[PDB]
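Just query_35.txt here, compact mmCIF, N, CA and C atoms:
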```txt
# COMPACT_ATOMS: atom_id res chain seq x y z
N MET A 1 20.36 23.05 -5.62
CA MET A 1 18.93 23.29 -5.79
C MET A 1 18.25 22.16 -6.56
N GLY A 2 16.92 22.04 -6.41
CA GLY A 2 16.13 21.03 -7.10
C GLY A 2 15.03 20.32 -6.33
N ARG A 3 14.03 19.78 -7.05
CA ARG A 3 12.94 19.06 -6.42
C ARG A 3 12.40 17.93 -7.29
N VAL A 4 12.06 16.81 -6.66
CA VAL A 4 11.54 15.65 -7.38
C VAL A 4 10.15 15.28 -6.82
N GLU A 5 9.18 15.06 -7.70
CA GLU A 5 7.82 14.71 -7.31
C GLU A 5 7.54 13.26 -7.68
N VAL A 6 6.89 12.54 -6.77
CA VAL A 6 6.51 11.15 -6.95
C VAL A 6 5.05 10.98 -6.57
N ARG A 7 4.22 10.60 -7.54
CA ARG A 7 2.83 10.31 -7.26
C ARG A 7 2.61 8.81 -7.45
N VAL A 8 1.95 8.19 -6.49
CA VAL A 8 1.65 6.78 -6.55
C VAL A 8 0.14 6.64 -6.65
N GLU A 9 -0.34 5.93 -7.66
CA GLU A 9 -1.76 5.74 -7.88
C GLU A 9 -2.06 4.23 -7.84
N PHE A 10 -3.08 3.82 -7.10
CA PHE A 10 -3.46 2.41 -7.00
C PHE A 10 -4.79 2.23 -7.67
N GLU A 11 -4.81 1.55 -8.82
CA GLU A 11 -6.05 1.33 -9.54
C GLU A 11 -6.18 -0.15 -9.94
N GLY A 12 -7.12 -0.85 -9.32
CA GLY A 12 -7.34 -2.29 -9.53
C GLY A 12 -6.07 -3.08 -9.25
N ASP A 13 -5.66 -3.93 -10.20
CA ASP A 13 -4.42 -4.71 -10.06
C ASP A 13 -3.15 -3.96 -10.46
N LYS A 14 -3.21 -2.63 -10.61
CA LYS A 14 -2.04 -1.86 -11.02
C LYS A 14 -1.62 -0.75 -10.07
N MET A 15 -0.33 -0.40 -10.11
CA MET A 15 0.23 0.68 -9.35
C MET A 15 1.05 1.54 -10.32
N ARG A 16 0.64 2.80 -10.50
CA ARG A 16 1.33 3.75 -11.37
C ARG A 16 2.16 4.72 -10.56
N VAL A 17 3.42 4.84 -10.93
CA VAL A 17 4.32 5.75 -10.27
C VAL A 17 4.71 6.83 -11.25
N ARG A 18 4.26 8.04 -10.99
CA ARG A 18 4.55 9.18 -11.83
C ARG A 18 5.71 9.96 -11.21
N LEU A 19 6.74 10.21 -12.01
CA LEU A 19 7.93 10.88 -11.53
C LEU A 19 8.21 12.17 -12.28
N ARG A 20 8.32 13.30 -11.58
CA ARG A 20 8.70 14.57 -12.22
C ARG A 20 10.03 15.10 -11.67
N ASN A 21 10.99 15.37 -12.57
CA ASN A 21 12.26 15.93 -12.15
C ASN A 21 12.22 17.43 -12.39
N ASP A 22 12.08 18.21 -11.31
CA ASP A 22 12.10 19.66 -11.41
C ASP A 22 13.43 20.24 -10.95
N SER A 23 14.53 19.51 -11.17
CA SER A 23 15.87 20.01 -10.85
C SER A 23 16.68 20.26 -12.15
N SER A 24 17.90 20.79 -12.03
CA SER A 24 18.72 21.08 -13.20
C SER A 24 19.64 19.92 -13.63
N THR A 25 19.57 18.76 -12.96
CA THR A 25 20.39 17.59 -13.24
C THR A 25 19.52 16.33 -13.32
N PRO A 26 19.93 15.32 -14.12
CA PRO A 26 19.15 14.07 -14.16
C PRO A 26 19.13 13.36 -12.82
N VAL A 27 18.04 12.68 -12.51
CA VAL A 27 17.93 11.89 -11.29
C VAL A 27 17.63 10.42 -11.66
N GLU A 28 18.03 9.51 -10.80
CA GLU A 28 17.82 8.09 -11.01
C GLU A 28 16.86 7.61 -9.94
N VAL A 29 15.80 6.91 -10.34
CA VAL A 29 14.80 6.41 -9.41
C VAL A 29 14.72 4.90 -9.42
N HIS A 30 15.00 4.29 -8.28
CA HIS A 30 14.88 2.85 -8.12
C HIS A 30 13.59 2.55 -7.39
N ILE A 31 12.73 1.70 -7.96
CA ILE A 31 11.44 1.34 -7.38
C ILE A 31 11.36 -0.14 -7.14
N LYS A 32 11.11 -0.54 -5.90
CA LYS A 32 10.98 -1.95 -5.57
C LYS A 32 9.57 -2.22 -5.06
N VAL A 33 8.88 -3.19 -5.67
CA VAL A 33 7.55 -3.61 -5.22
C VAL A 33 7.56 -5.12 -5.17
N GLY A 34 7.74 -5.67 -3.98
CA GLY A 34 7.82 -7.10 -3.80
C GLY A 34 9.05 -7.65 -4.49
N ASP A 35 8.86 -8.62 -5.38
CA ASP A 35 9.97 -9.19 -6.13
C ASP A 35 10.26 -8.48 -7.48
N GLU A 36 9.74 -7.28 -7.66
CA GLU A 36 9.94 -6.56 -8.91
C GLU A 36 10.65 -5.23 -8.66
N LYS A 37 11.77 -5.04 -9.34
CA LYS A 37 12.59 -3.85 -9.24
C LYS A 37 12.62 -3.15 -10.59
N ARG A 38 12.70 -1.84 -10.56
CA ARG A 38 12.70 -1.06 -11.76
C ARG A 38 13.48 0.22 -11.56
N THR A 39 14.33 0.54 -12.51
CA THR A 39 15.16 1.74 -12.42
C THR A 39 14.96 2.59 -13.63
N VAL A 40 14.70 3.88 -13.44
CA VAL A 40 14.55 4.82 -14.53
C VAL A 40 15.34 6.09 -14.24
N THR A 41 15.82 6.73 -15.30
CA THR A 41 16.46 8.03 -15.23
C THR A 41 15.42 9.04 -15.65
N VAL A 42 15.26 10.10 -14.88
CA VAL A 42 14.34 11.18 -15.17
C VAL A 42 15.18 12.43 -15.42
N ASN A 43 15.13 12.96 -16.62
CA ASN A 43 15.86 14.14 -17.01
C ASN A 43 15.18 15.42 -16.52
N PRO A 44 15.93 16.53 -16.38
CA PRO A 44 15.30 17.81 -16.00
C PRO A 44 14.07 18.19 -16.84
N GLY A 45 12.93 18.33 -16.18
CA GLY A 45 11.67 18.72 -16.84
C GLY A 45 10.90 17.59 -17.52
N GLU A 46 11.32 16.36 -17.29
CA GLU A 46 10.71 15.18 -17.90
C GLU A 46 9.79 14.48 -16.90
N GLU A 47 8.69 13.92 -17.39
CA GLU A 47 7.76 13.17 -16.55
C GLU A 47 7.82 11.72 -16.99
N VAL A 48 8.07 10.80 -16.06
CA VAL A 48 8.15 9.38 -16.40
C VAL A 48 7.11 8.62 -15.59
N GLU A 49 6.22 7.87 -16.25
CA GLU A 49 5.24 7.05 -15.54
C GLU A 49 5.55 5.56 -15.71
N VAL A 50 5.76 4.88 -14.60
CA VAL A 50 6.09 3.47 -14.55
C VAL A 50 4.90 2.72 -13.96
N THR A 51 4.42 1.69 -14.64
CA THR A 51 3.28 0.91 -14.19
C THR A 51 3.64 -0.53 -13.76
N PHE A 52 3.18 -0.94 -12.58
CA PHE A 52 3.42 -2.28 -12.08
C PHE A 52 2.12 -3.05 -12.08
N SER A 53 2.18 -4.31 -12.49
CA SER A 53 1.01 -5.17 -12.44
C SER A 53 1.24 -6.24 -11.37
N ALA A 54 0.15 -6.85 -10.89
CA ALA A 54 0.26 -7.86 -9.84
C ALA A 54 -0.88 -8.80 -9.91
N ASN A 55 -0.61 -10.08 -9.62
CA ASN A 55 -1.60 -11.13 -9.56
C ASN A 55 -2.46 -11.08 -8.28
N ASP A 56 -2.14 -10.20 -7.33
CA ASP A 56 -2.83 -10.02 -6.06
C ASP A 56 -2.55 -8.59 -5.56
N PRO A 57 -3.55 -7.89 -5.03
CA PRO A 57 -3.33 -6.48 -4.62
C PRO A 57 -2.38 -6.29 -3.42
N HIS A 58 -2.23 -7.33 -2.58
CA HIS A 58 -1.34 -7.30 -1.42
C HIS A 58 0.13 -7.03 -1.77
N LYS A 59 0.52 -7.23 -3.03
CA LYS A 59 1.89 -7.00 -3.51
C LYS A 59 2.31 -5.54 -3.38
N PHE A 60 1.36 -4.60 -3.44
CA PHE A 60 1.67 -3.19 -3.35
C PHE A 60 1.55 -2.63 -1.92
N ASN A 61 1.68 -3.48 -0.89
CA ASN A 61 1.59 -3.01 0.49
C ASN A 61 2.89 -2.41 1.04
N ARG A 62 4.02 -2.56 0.34
CA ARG A 62 5.29 -2.03 0.82
C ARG A 62 6.18 -1.42 -0.28
N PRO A 63 5.66 -0.48 -1.09
CA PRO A 63 6.51 0.11 -2.14
C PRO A 63 7.66 0.92 -1.58
N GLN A 64 8.78 0.89 -2.28
CA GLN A 64 9.99 1.59 -1.89
C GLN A 64 10.53 2.31 -3.11
N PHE A 65 11.03 3.52 -2.90
CA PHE A 65 11.67 4.24 -3.98
C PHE A 65 12.85 5.03 -3.47
N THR A 66 13.90 5.03 -4.26
CA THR A 66 15.15 5.69 -3.97
C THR A 66 15.44 6.69 -5.08
N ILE A 67 15.75 7.94 -4.70
CA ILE A 67 16.07 8.99 -5.65
C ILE A 67 17.55 9.31 -5.50
N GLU A 68 18.31 9.26 -6.59
CA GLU A 68 19.73 9.57 -6.58
C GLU A 68 20.05 10.68 -7.56
N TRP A 69 20.98 11.54 -7.22
CA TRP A 69 21.42 12.62 -8.10
C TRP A 69 22.92 12.83 -7.93
N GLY A 70 23.55 13.44 -8.92
CA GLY A 70 24.99 13.68 -8.87
C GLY A 70 25.80 12.42 -9.11
N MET B 1 25.80 15.62 -5.38
CA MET B 1 25.76 14.21 -4.98
C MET B 1 24.68 13.96 -3.93
N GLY B 2 24.24 12.70 -3.77
CA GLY B 2 23.25 12.34 -2.76
C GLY B 2 22.12 11.41 -3.14
N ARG B 3 21.52 10.73 -2.13
CA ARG B 3 20.40 9.84 -2.38
C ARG B 3 19.40 9.82 -1.21
N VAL B 4 18.11 9.74 -1.53
CA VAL B 4 17.05 9.71 -0.52
C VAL B 4 16.20 8.44 -0.70
N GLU B 5 15.94 7.71 0.40
CA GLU B 5 15.16 6.48 0.40
C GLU B 5 13.81 6.71 1.05
N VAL B 6 12.75 6.20 0.42
CA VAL B 6 11.38 6.34 0.90
C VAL B 6 10.72 4.98 0.93
N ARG B 7 10.27 4.55 2.10
CA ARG B 7 9.60 3.25 2.26
C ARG B 7 8.16 3.48 2.71
N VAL B 8 7.18 2.95 1.97
CA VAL B 8 5.77 3.15 2.29
C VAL B 8 5.17 1.88 2.80
N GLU B 9 4.57 1.93 3.97
CA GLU B 9 3.97 0.76 4.59
C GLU B 9 2.48 1.04 4.83
N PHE B 10 1.62 0.11 4.44
CA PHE B 10 0.18 0.26 4.64
C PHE B 10 -0.24 -0.78 5.64
N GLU B 11 -0.60 -0.37 6.86
CA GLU B 11 -0.99 -1.31 7.90
C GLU B 11 -2.29 -0.84 8.55
N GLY B 12 -3.38 -1.60 8.33
CA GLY B 12 -4.71 -1.25 8.82
C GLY B 12 -5.13 0.14 8.36
N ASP B 13 -5.54 0.98 9.32
CA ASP B 13 -5.93 2.35 9.00
C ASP B 13 -4.78 3.34 8.92
N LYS B 14 -3.53 2.87 8.84
CA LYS B 14 -2.38 3.77 8.81
C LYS B 14 -1.47 3.60 7.60
N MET B 15 -0.76 4.68 7.26
CA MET B 15 0.24 4.68 6.22
C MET B 15 1.48 5.29 6.81
N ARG B 16 2.51 4.47 7.05
CA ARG B 16 3.79 4.91 7.58
C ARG B 16 4.78 5.12 6.43
N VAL B 17 5.45 6.27 6.39
CA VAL B 17 6.45 6.58 5.38
C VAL B 17 7.81 6.75 6.10
N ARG B 18 8.77 5.81 5.90
CA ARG B 18 10.11 5.91 6.50
C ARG B 18 11.01 6.61 5.47
N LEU B 19 11.67 7.71 5.88
CA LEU B 19 12.51 8.54 5.01
C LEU B 19 13.96 8.52 5.45
N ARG B 20 14.88 8.09 4.58
CA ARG B 20 16.30 8.15 4.91
C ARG B 20 17.07 9.15 4.02
N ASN B 21 17.87 10.06 4.63
CA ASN B 21 18.66 11.01 3.85
C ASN B 21 20.12 10.55 3.80
N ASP B 22 20.54 10.01 2.65
CA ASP B 22 21.93 9.59 2.47
C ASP B 22 22.73 10.61 1.65
N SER B 23 22.40 11.89 1.77
CA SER B 23 23.15 12.94 1.09
C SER B 23 23.91 13.81 2.11
N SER B 24 24.73 14.76 1.65
CA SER B 24 25.50 15.61 2.55
C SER B 24 24.79 16.90 2.97
N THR B 25 23.54 17.10 2.55
CA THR B 25 22.74 18.30 2.85
C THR B 25 21.33 17.88 3.33
N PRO B 26 20.69 18.70 4.19
CA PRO B 26 19.32 18.37 4.62
C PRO B 26 18.34 18.38 3.45
N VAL B 27 17.33 17.50 3.50
CA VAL B 27 16.29 17.47 2.49
C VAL B 27 14.92 17.73 3.15
N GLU B 28 13.99 18.27 2.39
CA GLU B 28 12.66 18.56 2.88
C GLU B 28 11.70 17.65 2.13
N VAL B 29 10.87 16.93 2.87
CA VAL B 29 9.92 16.03 2.27
C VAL B 29 8.50 16.45 2.54
N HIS B 30 7.72 16.67 1.48
CA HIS B 30 6.31 17.02 1.59
C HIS B 30 5.52 15.81 1.15
N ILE B 31 4.55 15.38 1.96
CA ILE B 31 3.70 14.25 1.61
C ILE B 31 2.24 14.68 1.66
N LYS B 32 1.51 14.49 0.58
CA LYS B 32 0.08 14.82 0.56
C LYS B 32 -0.74 13.54 0.40
N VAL B 33 -1.72 13.34 1.29
CA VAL B 33 -2.62 12.19 1.21
C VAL B 33 -4.02 12.72 1.45
N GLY B 34 -4.76 12.89 0.37
CA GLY B 34 -6.10 13.44 0.44
C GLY B 34 -6.06 14.87 0.93
N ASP B 35 -6.80 15.15 2.01
CA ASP B 35 -6.85 16.47 2.62
C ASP B 35 -5.77 16.71 3.71
N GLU B 36 -4.72 15.90 3.74
CA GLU B 36 -3.70 16.03 4.76
C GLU B 36 -2.33 16.16 4.13
N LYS B 37 -1.59 17.20 4.52
CA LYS B 37 -0.22 17.45 4.08
C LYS B 37 0.71 17.36 5.29
N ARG B 38 1.82 16.64 5.18
CA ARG B 38 2.82 16.55 6.25
C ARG B 38 4.20 16.91 5.66
N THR B 39 4.98 17.78 6.35
CA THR B 39 6.28 18.21 5.88
C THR B 39 7.31 17.99 6.97
N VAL B 40 8.44 17.37 6.63
CA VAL B 40 9.53 17.19 7.59
C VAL B 40 10.87 17.48 6.90
N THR B 41 11.86 17.85 7.70
CA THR B 41 13.23 18.02 7.25
C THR B 41 13.98 16.78 7.72
N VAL B 42 14.74 16.16 6.84
CA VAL B 42 15.54 14.98 7.15
C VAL B 42 16.99 15.39 6.99
N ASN B 43 17.75 15.34 8.07
CA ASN B 43 19.16 15.71 8.07
C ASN B 43 20.05 14.57 7.53
N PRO B 44 21.25 14.92 7.03
CA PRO B 44 22.18 13.89 6.54
C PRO B 44 22.42 12.74 7.53
N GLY B 45 22.11 11.53 7.09
CA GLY B 45 22.34 10.31 7.86
C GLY B 45 21.24 9.93 8.81
N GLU B 46 20.09 10.57 8.68
CA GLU B 46 18.96 10.31 9.56
C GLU B 46 17.79 9.66 8.84
N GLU B 47 16.92 9.04 9.64
CA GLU B 47 15.69 8.39 9.24
C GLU B 47 14.55 9.06 10.03
N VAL B 48 13.48 9.38 9.34
CA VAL B 48 12.30 9.99 9.92
C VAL B 48 11.07 9.19 9.49
N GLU B 49 10.20 8.89 10.45
CA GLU B 49 8.97 8.20 10.17
C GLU B 49 7.83 9.22 10.16
N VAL B 50 6.99 9.21 9.14
CA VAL B 50 5.81 10.06 9.10
C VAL B 50 4.59 9.16 8.98
N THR B 51 3.66 9.25 9.92
CA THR B 51 2.50 8.37 9.95
C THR B 51 1.18 9.09 9.68
N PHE B 52 0.36 8.54 8.80
CA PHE B 52 -0.95 9.11 8.50
C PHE B 52 -2.04 8.18 8.96
N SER B 53 -3.10 8.73 9.56
CA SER B 53 -4.26 7.94 9.94
C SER B 53 -5.45 8.30 9.05
N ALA B 54 -6.44 7.41 8.95
CA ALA B 54 -7.59 7.64 8.08
C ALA B 54 -8.78 6.87 8.59
N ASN B 55 -9.98 7.43 8.44
CA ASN B 55 -11.19 6.72 8.83
C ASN B 55 -11.64 5.65 7.80
N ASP B 56 -10.95 5.56 6.65
CA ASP B 56 -11.25 4.63 5.57
C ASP B 56 -9.95 4.40 4.78
N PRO B 57 -9.67 3.14 4.40
CA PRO B 57 -8.42 2.84 3.67
C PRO B 57 -8.28 3.46 2.28
N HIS B 58 -9.41 3.74 1.57
CA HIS B 58 -9.35 4.35 0.24
C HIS B 58 -8.68 5.76 0.22
N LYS B 59 -8.44 6.38 1.40
CA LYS B 59 -7.78 7.69 1.49
C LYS B 59 -6.31 7.62 1.01
N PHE B 60 -5.68 6.44 1.13
CA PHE B 60 -4.30 6.23 0.73
C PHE B 60 -4.14 5.72 -0.71
N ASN B 61 -5.10 5.98 -1.58
CA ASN B 61 -5.02 5.53 -2.97
C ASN B 61 -4.18 6.42 -3.89
N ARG B 62 -3.86 7.65 -3.46
CA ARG B 62 -3.09 8.55 -4.32
C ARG B 62 -2.02 9.36 -3.57
N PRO B 63 -1.11 8.71 -2.81
CA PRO B 63 -0.09 9.48 -2.10
C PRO B 63 0.87 10.20 -3.04
N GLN B 64 1.28 11.40 -2.64
CA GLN B 64 2.19 12.24 -3.40
C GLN B 64 3.33 12.66 -2.51
N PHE B 65 4.55 12.63 -3.02
CA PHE B 65 5.75 13.00 -2.28
C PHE B 65 6.57 13.98 -3.08
N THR B 66 7.17 14.94 -2.38
CA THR B 66 8.05 15.89 -3.01
C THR B 66 9.31 15.94 -2.16
N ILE B 67 10.48 15.76 -2.79
CA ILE B 67 11.76 15.83 -2.10
C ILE B 67 12.46 17.07 -2.59
N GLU B 68 12.89 17.95 -1.68
CA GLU B 68 13.57 19.18 -2.05
C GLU B 68 14.91 19.27 -1.36
N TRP B 69 15.91 19.79 -2.06
CA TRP B 69 17.23 19.98 -1.49
C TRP B 69 17.82 21.27 -2.04
N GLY B 70 18.79 21.83 -1.32
CA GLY B 70 19.46 23.05 -1.74
C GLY B 70 18.62 24.32 -1.69
N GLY B 71 17.87 24.48 -0.61
CA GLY B 71 17.04 25.67 -0.43
C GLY B 71 17.54 26.65 0.61
N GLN B 72 16.60 27.23 1.39
CA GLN B 72 16.95 28.17 2.46
C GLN B 72 16.49 27.64 3.84
N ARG B 73 16.45 26.29 3.99
CA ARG B 73 16.09 25.55 5.20
C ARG B 73 14.63 25.75 5.66
N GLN B 74 13.80 26.43 4.84
CA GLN B 74 12.40 26.67 5.21
C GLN B 74 11.44 25.97 4.25
N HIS B 75 11.59 26.19 2.94
CA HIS B 75 10.75 25.55 1.94
C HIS B 75 11.58 24.92 0.81
N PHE B 76 12.75 24.35 1.16
CA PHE B 76 13.67 23.69 0.22
C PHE B 76 14.84 23.14 1.05
```
Hey, can you dump this file as structure tokens for me?
Amino acid sequence: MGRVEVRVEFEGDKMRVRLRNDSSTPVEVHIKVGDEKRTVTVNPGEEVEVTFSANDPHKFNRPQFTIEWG
Amino acid sequence: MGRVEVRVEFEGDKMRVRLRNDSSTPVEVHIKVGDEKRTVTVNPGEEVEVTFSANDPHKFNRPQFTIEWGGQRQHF
């Protein structure tokens, strides 16, 4: 059982990724935006917001995220 | 155990979301973009594309995704 929520917000030169872990085990989230990679662990019931900046808005045209558990 | 991959592509008036399920159980993906919700089940080892259209590009400014596993094959 379990569910993970990912909200992506685009505001000016920034991209905010809000992550909610609504499962009973920690999850690992890998986020790739162009040449920038970021990995965070989200614990059960924890909300983690990761912000990316960019010198040009075109950098956020292909965001990728991977959710891992267990 | 398990991992799910989500790739978001913004091309013209469309937003394509490629979903890969690398776990041993089916996962359910809910995507909300403005006034439009799309839900698909992704089976182990499969890739599913979900495409959204819009009359204006600002509709894709706040996409939301929910990944669910270990349910009753209907809403989890």
Fewer than 6 positions away in the same chain doesn't count, so skip those; otherwise give me all residues within 7 Å of segment 43-48 of chain A, counting all atoms listed in the file, as a short mmCIF file (atom, residue, chain, number, x, y, z; two decimals) with N, CA and C atoms, keeping the file's coordinate frame.
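Writing the result to around_11.cif gives the following:
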```cif
data_model
loop_
_atom_site.label_atom_id
_atom_site.label_comp_id
_atom_site.auth_asym_id
_atom_site.auth_seq_id
_atom_site.Cartn_x
_atom_site.Cartn_y
_atom_site.Cartn_z
N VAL A 17 3.42 4.84 -10.93
CA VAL A 17 4.32 5.75 -10.27
C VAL A 17 4.71 6.83 -11.25
N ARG A 18 4.26 8.04 -10.99
CA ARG A 18 4.55 9.18 -11.83
C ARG A 18 5.71 9.96 -11.21
N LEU A 19 6.74 10.21 -12.01
CA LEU A 19 7.93 10.88 -11.53
C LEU A 19 8.21 12.17 -12.28
N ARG A 20 8.32 13.30 -11.58
CA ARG A 20 8.70 14.57 -12.22
C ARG A 20 10.03 15.10 -11.67
N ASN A 21 10.99 15.37 -12.57
CA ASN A 21 12.26 15.93 -12.15
C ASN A 21 12.22 17.43 -12.39
N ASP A 22 12.08 18.21 -11.31
CA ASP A 22 12.10 19.66 -11.41
C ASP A 22 13.43 20.24 -10.95
N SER A 23 14.53 19.51 -11.17
CA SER A 23 15.87 20.01 -10.85
C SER A 23 16.68 20.26 -12.15
N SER A 24 17.90 20.79 -12.03
CA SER A 24 18.72 21.08 -13.20
C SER A 24 19.64 19.92 -13.63
N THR A 25 19.57 18.76 -12.96
CA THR A 25 20.39 17.59 -13.24
C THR A 25 19.52 16.33 -13.32
N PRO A 26 19.93 15.32 -14.12
CA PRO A 26 19.15 14.07 -14.16
C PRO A 26 19.13 13.36 -12.82
N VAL A 27 18.04 12.68 -12.51
CA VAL A 27 17.93 11.89 -11.29
C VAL A 27 17.63 10.42 -11.66
#
```
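Every protein or nucleic acid residue with an atom no more than 9 Å from segment 66-71 of chain B, counting only C-alpha atoms and leaving out same-chain residues fewer than 2 positions away, appears here: residues 1, 2, 3, 4, 5, 6, 7 and 67 of chain A; 4, 25, 26, 27, 28, 29, 30, 31, 32, 64, 73, 74, 75 and 76 of chain B.
Of the residues in segment 17-65 of chain B, those that DSSP places in strand (DSSP E or B) on the basis of the backbone are residues 17, 18, 19, 20, 21, 27, 28, 29, 30, 31, 32, 33, 36, 37, 38, 39, 40, 41, 42, 47, 48, 49, 50, 51, 52, 53, 64 and 65 of chain B.
Point (6.8, -4.6, -4.7) has the following residues at most 8 Å away: residues 31, 32, 33, 34, 35, 36, 37, 58, 59, 60, 61, 62, 63 and 64 of chain A (atoms considered: only N, CA and C atoms).
Coordinates place atom CA of residue 22 of chain B at a distance of 17.4 Å from atom CA of residue 50 of chain B.
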Rank nothing, just name the residue among B:18, B:59, B:3, B:8 nearest to residue 34 of chain B, using all atoms listed in the file.
-> B:59
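Closest approach to chain A from the set B:53, B:63, B:72, B:41 is made by B:63, with distances taken over all atoms listed in the file.
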Select, counting only C-alpha atoms, all protein, DNA and RNA residues no farther than 10 Å from (-1.9, 10.4, 12.8) in file coordinates, and express the selection as a count of residues only.
-> 10
Of the candidates B:12, B:61, B:56, B:35, which shows the shortest atom-to-atom distance to chain A, using all atoms listed in the file?
-> B:61
Rounded to one decimal in Å, what is the spacing between atom CA of residue 70 of chain A and atom N of residue 29 of chain A?
-> 11.5 Å
